[PDB]
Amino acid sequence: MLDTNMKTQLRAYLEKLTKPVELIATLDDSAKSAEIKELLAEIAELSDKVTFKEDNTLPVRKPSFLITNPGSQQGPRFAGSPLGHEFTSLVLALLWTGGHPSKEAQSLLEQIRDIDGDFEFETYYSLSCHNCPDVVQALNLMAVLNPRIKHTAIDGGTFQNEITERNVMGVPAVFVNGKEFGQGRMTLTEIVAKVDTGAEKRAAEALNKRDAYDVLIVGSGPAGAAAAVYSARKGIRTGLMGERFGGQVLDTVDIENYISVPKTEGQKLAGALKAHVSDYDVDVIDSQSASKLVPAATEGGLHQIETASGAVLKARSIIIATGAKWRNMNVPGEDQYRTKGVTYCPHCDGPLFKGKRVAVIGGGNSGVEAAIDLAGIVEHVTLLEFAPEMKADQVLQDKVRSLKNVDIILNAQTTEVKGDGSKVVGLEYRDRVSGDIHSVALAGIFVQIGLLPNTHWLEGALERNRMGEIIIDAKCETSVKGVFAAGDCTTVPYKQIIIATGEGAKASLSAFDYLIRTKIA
């Protein structure tokens, strides 16, 4: 059943709905059906914009419910329990249906809304499974975005019978129009690339007719832009493809460590990178997502990059510069206070809180070192570690535990970020041991949870470490000849703009060397 903290979190999330949401259930006399009925009734009382209706006559699984807006039959459907690890999947399905935007690439969202064709997806999950959430969330978002795409996420614990009849060997297990589609972790980009394989739009057909490149750079944040300038300066045929030019820089509000520029803005630096790239002959391709790398069958041959849009670009050398997603706490309040107290930048804004109190989320070496540094300039620091013991090396723990102005909370998970509409003013978190919720007043929150390199699409194609970073050497060479990598998606120790531009340059020079050594004279 929903426990007290899930109800508290859900209420906070739902205050944000801008459009009404209706939960339509189809139930039978089973015990599980009674749990679902009680669950939906409990969710509906948390918000004025959410209502519960039941129609036991519909030709759908029992129990199951549709998440939609009044007056429509559009939306994802959950068959069985949507709690456990799918709680966040349920929260997102409610918020997106209620008008909340997705954080996915805008070009990807647009391609999903334009998908032609009918696709009925079904995904089997288990409440304890850790990789099902991403898959369920990706397909639910597609169903919210395009009425021609249906999705029913099925709880394997409730429809145990189906899992044996259909040979499901592991979760998450996805079927589309009756046939196996995929198993295991999958990103929205990879799902879209696999399903929208028909006559591609104008953009795709055009890309398919481009001549092969001497170097194609994938991703256009600072590392890729830097590579593009260096390559074009050598006069070779250069392609730079990416989702949106500028990478993380574009949305950054204040930057004070891009060497030689005391202070600039994300939009202006991104614009300057664009102007530097436009000073040369570079084919800049925007609004495209690379979905697959197919290595050259021979030395001096061509590598291929497939895109989500269905096109295939080809080149003599490749530079991967897709960056990384920066992990969130995923709690109510976080998005709203995104530029008003919640800080994700790895090495900035500390002097901003001199004389104030802050928190650091994460107890690994970076988290503990971030606390030690902040302790030197802020009035106070609260550090929250999810595990029962800090993960940092011993020597760091010993030093952080000797600082009077720092408090270490173990076995804790943030449950909410509080504000007054203008700035952050506190956070609430939960003691994993006892379930109790505690509050703490503060002006800043430094999230230092981790990074998620945008490299899943390269799985099995280039060697990566356990965290997903592409392994490179000093020359930015990968495990595949002619393929290089630069920036935050690689094993480079620190993630900064000036570091990424320097890596992009190195990768471009290595690719140039590789080209002269292998290109036919």
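Numbers for residues come from their place in the sequence shown, where the first is 1.
Novice: Hey, which bit's got the bigger mean C-alpha B factor in the entry, 223 to 231 or 364 to 372?
Specialist: Between 364 to 372 and 223 to 231, it is 364 to 372 that shows the higher mean C-alpha B-factor.
Novice: Would you determine, from the values in the PDB entry, which of 274 to 282 and 167 to 175 has the greater average C-alpha temperature factor?
Specialist: Result: 167 to 175.
Novice: Among the candidates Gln397, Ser89, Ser317, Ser260, give the one with the maximum CA B-factor reported in the record.
Specialist: Among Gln397, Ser89, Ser317, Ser260, the PDB entry lists the largest C-alpha B-factor for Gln397.
Novice: In terms of CA temperature factor as recorded, identify the highest of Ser309, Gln248, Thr238, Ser128.
Specialist: Checking the PDB record, the top C-alpha B-factor among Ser309, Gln248, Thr238, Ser128 is at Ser128.
Novice: Lowest, middle or highest third: where is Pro493 by C-alpha B factor in its chain?
Specialist: It belongs to the lowest third of the chain when residues are ordered by C-alpha B-factor.
Novice: Lowest, middle or highest third: where is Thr152 by Cα B-factor in its chain?
Specialist: Lowest third - that is where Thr152 ends up once the chain's C-alpha B-factors are sorted.
Novice: Splitting the chain's C-alpha B-factors into thirds, which one does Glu334 fall into?
Specialist: Highest third, going by the recorded CA B-factors of the chain.
Novice: Is the Cα B-factor recorded for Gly460 in the lowest, middle or highest third of its chain?
Specialist: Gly460: CA B-factor falls in the middle third of its chain.
Novice: Compare the C-alpha B factor of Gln267 with those of the other modelled residues in its chain, then answer lowest, middle or highest third.
Specialist: Within its chain, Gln267 is a highest-third residue by C-alpha B-factor, going by the deposited values.
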